[PDB]
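*Asks:* Below you will find the structure I want to go over with you.
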Amino acid sequence: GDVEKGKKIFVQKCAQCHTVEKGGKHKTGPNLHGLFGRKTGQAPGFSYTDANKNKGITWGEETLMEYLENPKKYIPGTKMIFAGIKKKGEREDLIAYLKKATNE
Amino acid sequence: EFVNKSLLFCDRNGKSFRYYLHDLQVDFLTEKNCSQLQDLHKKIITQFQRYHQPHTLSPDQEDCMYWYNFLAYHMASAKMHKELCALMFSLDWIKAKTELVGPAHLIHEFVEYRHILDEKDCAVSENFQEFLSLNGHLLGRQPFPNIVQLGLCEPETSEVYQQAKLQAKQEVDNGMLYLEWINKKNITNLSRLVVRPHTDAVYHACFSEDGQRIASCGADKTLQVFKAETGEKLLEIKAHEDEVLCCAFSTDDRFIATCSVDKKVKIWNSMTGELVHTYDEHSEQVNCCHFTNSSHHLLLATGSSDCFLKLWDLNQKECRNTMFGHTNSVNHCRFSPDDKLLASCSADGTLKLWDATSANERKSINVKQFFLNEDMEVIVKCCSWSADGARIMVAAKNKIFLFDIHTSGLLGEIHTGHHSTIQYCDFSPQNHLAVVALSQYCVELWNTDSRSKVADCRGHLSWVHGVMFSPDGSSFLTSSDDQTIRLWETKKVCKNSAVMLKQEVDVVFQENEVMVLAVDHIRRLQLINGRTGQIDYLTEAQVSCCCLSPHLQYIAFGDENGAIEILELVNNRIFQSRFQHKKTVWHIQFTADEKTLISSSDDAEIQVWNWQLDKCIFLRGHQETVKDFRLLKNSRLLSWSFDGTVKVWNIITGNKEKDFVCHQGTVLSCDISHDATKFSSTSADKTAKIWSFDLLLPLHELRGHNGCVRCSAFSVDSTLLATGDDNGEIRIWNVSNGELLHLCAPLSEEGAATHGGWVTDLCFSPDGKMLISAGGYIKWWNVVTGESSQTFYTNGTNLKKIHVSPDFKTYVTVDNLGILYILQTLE
Ligand code: HEC
């Protein structure tokens with residue numbers, strides 16, 4: 001989706017718990033840098049729940065389409081607490097900006 | 001004619017007219033005719049029996065609702081407990097009512113009418129009183145369970161269990177297949193109340209100042225006002241078009257304003273439900289809504305991302321105060337015990353105390369107390385005022401802090417368990433007790449100036465969103481993501497049996513009989529003998545994982561200290577361990593014999609090591625990482641990884657017979673037909689592919705569900721495929737030529753489900769016709785147009801490594817709560 005609205009949804013609902021930038025530190029939420037192509041919960045330095053590590057999917061626009069929709073649904077038992085992004089446009093946008101920054 | 005004389009009023013809607021009185025007239029008749037009440041009530045009851053039947057009612061009739069609601073009453077005023085006990089104690093009556101009505105009303109009726117009931121009756125009535133209160137979340141909301149089976153989970157002393165067991169025993173040679181619980185007598189502690197009036201999660205819940213009514217807010221975008229005692233539905237008011245962030249009661253409780261995502265604060269009346277005043281100023285969301293605890297004046301503390309602290313005045317149409325500072329968002333803004341002050345608490349590390357009347361700056365505190373050992377940053381979750389009205393109780397990072405406003409520094413410090421970060425904190429004015437939400441749905445009760453463990457709260461469906469105290473000093477309320485508000489007792493929860501089990505339970509096999517081996521929370525393990533209360537507690541260093549050996553006599557467990565520790569059941573003083581593969585060890589398995597340890601970790605190498613020998617043999621797969629393995633009916637070792645590479649190894653020598661890659665990404669375990677080693681499959685989390693070992697690639701591919709695949713099952717003598725999915729759906733597919741034929745939909749068209757969507761291992765029936773599956777609960781399927789049973793249920797959500805007896809009768813399982821579950825099949 002839109003990149004900069006993605007950076008908005010990032011600075012709002014993401015950036016406080018996450019780092020998508022290159023060489024970002026781990027936090028309450030994990031470092032998201034290099035998200036696409038990397039399996040769920042594979043980033044060192046952050047302690048994942050087994051729910052996320054056993055998910056083992058490959059993060060992408062569609063995987064985040066389903067996940068960000070209801071993050072408790074897609075990866076049940078995740079210590080991520082969120083009520084889900086119901087809007088699709090928000091998902092596509094945010095994911096797009098992720099595709100920008102995490103690649104950078 | 002009575003309408004004409006104006007003694008009675010008539011409302012016209014639908015075909016049937018609706019008659020009712022006016023109050024004064026009612027009280028009048030109450031006074032005029034007194035002695036004749038009994039006559040009347042017994043009259044209408046007698047009539048009712050003479051026409052209809054108690055358990056026979058048509059919901060399609062026009063009189064049903066009234067009967068269901070007030071029949072109990074009409075019996076009560078008749079002072080006849082015999083027909084009363086006859087009606088109420090009946091289970092089917094309960095079933096029908098609950099299905100149509102829901103528990104709350106009925107509960108209320110018990111609580112009220114308990115008086116006329118006899119002394120012995122009080123016990124039974126009580127048993128129900130807790131029964132329904134505990135079952136509140138499950139009942140009345142369909143898909144719907146059996147009454148009997150739920151009654152089987154009750155303590156034997158409870159009349160409910162005795163009646164349920166009675167009827168259970170009565171139905172025989174019935175596809176009902178009832179179950180019995182020996183274990184629940186010592187576990188599943190009682191609760192004061194359990195109430196869910198919600199289709200969605202709870203953001204906040206709290207008791208009124210008078211302790212009467214409850215107004216709850218959540219993702220349902222609807223403020224729910226209901227009774228706090230029996231949980232009857234009072235009023236349902238729409239707060240906003242968007243999710244309500246926070247809500248709280250006022251001084252007189254008569255006014256409740258809501259804040260939401262739409263950035264508009266709307267004042268709602270509790271006894272009306274109509275708009276009173278509305279205030280739109282903030283260009284950002286408002287996370288702070290707090291009212292006054294006194295009748296002196298009325299103010300509202302608000303803050304947002306605009307870095308402004310705005311204090312609203314409920315008397316005027318505008319905002320009273322505006323304050324600079326707080327460069328970051330303010331999480332918790334709360335009034336002091338006096339309205340003359342205002343407390344601002346944010347996670348940026350700035351804790352400020354402002355003058356309300358003077359509007360100037362009183363005190364500003366930055367906490368460097370927490371040591372990071374890259375500027376110092378200390379986040380602040382919540383702020384709770386002490387009963388003294390001076391000290392401030394807060395929780396930061398991994399510890400609890402008690403601040404003094406006089407010294408402005410650190411007055412006191414309370415330790416929190418391990419390294420876990422504190423999610424939430426609250427303090428009780430009585431007994432100086434304080435509850436803390438820490439990690440994994442754990443609400444821990446600690447005492448001030450103690451630093452000793454007081455109480456622990458378990459039995460939740462999910463990690464507690466938040467908890468509060470009922471300021472009667474008696475009890476407290478709990479609210480979680482399980483969408484249910486609960487009432488818990490302080491002194492009752494304080495007692496703990498320490499039955500906690502973390503990630504695992506271990507089954508033991510003695511001939512046909514099954515024995516229980518549990519991994520203890522505190523130190524090492526607890527041994528539970530079958531069909532008896534014999535418990536042998538074994539204490540050692542902490543363990544990461546435990547595994548039982550074939551032929552027994554031994555045990556092999558991995559620790560958090562690394563590698564693998566092997567210990568002998570005969571002598572605990574004798575143990576063997578070797579240091580290899582620094583990464584966390586996951587799966588540990590012996591060969592067909594008691595020798596040749598096979599172990600793996602996260603790495604490109606799998607270790608095969610011989611003990612009493614000390615033979616070191618390393619098997620390299622030359623990949624990014626390796627997940628796990630399993631032993632087949634042969635000496636071959638079937639292993640899988642995150643790279644989707646399925647390998648077949650051998651003992652004592654590294655060998656690769658074939659390489660099977662179904663898809664890209666993590667592949668979950670392996671699925672065999674169990675009829676032979678020929679047919680073999682696995683879950684690639686995309687499609688379902690099976691190979692006969694006739695090629696290096698899977699021969700047959702099944703695309704039936706491409707969204708998610710959690711697991712798959714091949715039933716013996718059938719080979720028909722049962723597909724478990726991430727959604728927790730179990731689909732039945734006929735397999736002959738390796739293609740899709742039949743079709744079934746496990747999901748319900750009744751709409752979204754609350755708890756469920758998890759499956760791990762599937763089990764088979766001894767007949768082969770019946771099927772055993774987990775849809776988040778215990779659910780039995782069947783081949784050829786329809787299933788076996790939806791019976792009973794599984795408390796909680798997450799399940800780990802389902803195991804069963806080889807006779808397929810007695811069962812052993814555990815929930816996410818870590819509670820031992822034992823099933824016994826007896827006719
Ligand atoms: C209040 C908590 C919270 C919020 C809000 C939150 N996260 Fe999460 N998130 C977490 C935690 C904790 C994890 C780690 C899950 C685990 O370790 O099991 C996580 C996991 C993730 C992952 C998976 C990383 C991986 O490698 O699998 C992604 C992606 C992510 N978050 C992005 C987001 C996005 C996008 C949003 C909002 C639009 C968001 N987070 C909001 C707490 C949060």
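We number each residue from 1, going along the chain as drawn.
We read in the header that electron microscopy, 4.1 Å was used to get this structure.
Each residue, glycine too, has its Cβ placed from N, Cα and C.
Swiss-Prot feature annotations, pasted as is:
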BINDING   A:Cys14, A:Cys17, A:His18, A:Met80  heme c binding site
MOD_RES   A:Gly1  N-acetylglycine
MOD_RES   A:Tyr48  phosphotyrosine
MOD_RES   A:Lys55  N6-succinyllysine
MOD_RES   A:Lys72  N6-acetyllysine
MOD_RES   A:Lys72  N6-succinyllysine
MOD_RES   A:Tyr97  phosphotyrosine
MOD_RES   A:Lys99  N6-acetyllysine
*Asks:* Are any of A:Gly1, A:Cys14, A:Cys17, A:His18, A:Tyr97, A:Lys99 (the recorded positions) within 10 Å of A:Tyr48 (phosphotyrosine) when you go C-alpha to C-alpha, and if so which?
*Replies:* none
*Asks:* Give the subset of the modified residues A:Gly1, A:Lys55, A:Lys72, A:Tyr97, A:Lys99 lying near ligand 1, defined as CB under 6 A from any of its atoms.
*Replies:* none
*Asks:* Of A:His18, A:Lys55, A:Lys72, A:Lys99, which of the recorded positions has the most Cβ neighbours inside 10 Å?
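*Replies:* Of A:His18, A:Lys55, A:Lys72, A:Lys99, the one with the most crowded Cβ is A:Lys55.
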*Asks:* In terms of Cα spacing, which of the modified residues A:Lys55, A:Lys72, A:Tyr97, A:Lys99 are within 10 angstroms of A:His18 (heme c binding site)?
*Replies:* none
*Asks:* Cβ within 8 Å of the heme c site centroid (A:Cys14, A:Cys17, A:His18, A:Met80 excluded): which residues?
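*Replies:* Those within range, site residues removed, are A:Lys13, A:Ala15, A:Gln16, A:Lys27, A:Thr28, A:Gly29, A:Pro30, A:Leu32.
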*Asks:* Taking Cα atoms as reference points, rank the binding-site residues A:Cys14, A:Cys17, A:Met80 by distance from A:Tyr97 (phosphotyrosine) and give the first.
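*Replies:* Going through A:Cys14, A:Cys17, A:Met80 one by one, the Cα closest to that of A:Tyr97 (phosphotyrosine) is A:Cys14.
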*Asks:* Within a 10 Å radius around the Cβ, which one of these modified residues has the most neighbouring Cβ atoms: A:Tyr48, A:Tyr97?
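*Replies:* The most densely surrounded of these modified residues is A:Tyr97.
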*Asks:* Which one of the binding-site residues (A:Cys14, A:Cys17, A:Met80) has its C-beta surrounded by the most other C-beta atoms within 10 angstroms?
*Replies:* A:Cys14
*Asks:* With every protein chain in view, how many other Cβ atoms are within 10 Å of the Cβ of A:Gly1 (N-acetylglycine)?
*Replies:* 17
*Asks:* Please report how many Å separate the Cα atom of A:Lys72 (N6-acetyllysine) from that of A:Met80 (heme c binding site), as a whole number.
*Replies:* 8
*Asks:* Nearest of the modified residues to A:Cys14 (heme c binding site) by CA-CA distance, picking from A:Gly1, A:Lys55, A:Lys99?
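*Replies:* Spatially nearest to A:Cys14 (heme c binding site) by Cα position is A:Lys99.
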*Asks:* Rounded to a whole number, how many Å is the Cα of A:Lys99 (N6-acetyllysine) away from the Cα of the residue listed as 'N-acetylglycine'?
*Replies:* 10
*Asks:* Given A:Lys55 (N6-succinyllysine) and A:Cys17 (heme c binding site), what distance in Å do their CA atoms have, once rounded to a whole number?
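*Replies:* Approximately 20 Å lies between the Cα of A:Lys55 (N6-succinyllysine) and that of A:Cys17 (heme c binding site).
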*Asks:* Please report the Cα separation of A:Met80 (heme c binding site) and the residue listed as 'N-acetylglycine' in Å, rounded to an integer.
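*Replies:* The separation of the Cα atoms works out to 23 Å.
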*Asks:* For a quick check of understanding: given the listed heme c-binding residues A:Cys14, A:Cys17, A:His18, A:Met80, what is the maximum Cα-Cα distance in angstrom, as an integer?
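*Replies:* Taking every pair of listed residues, the largest Cα separation comes to 11 Å.
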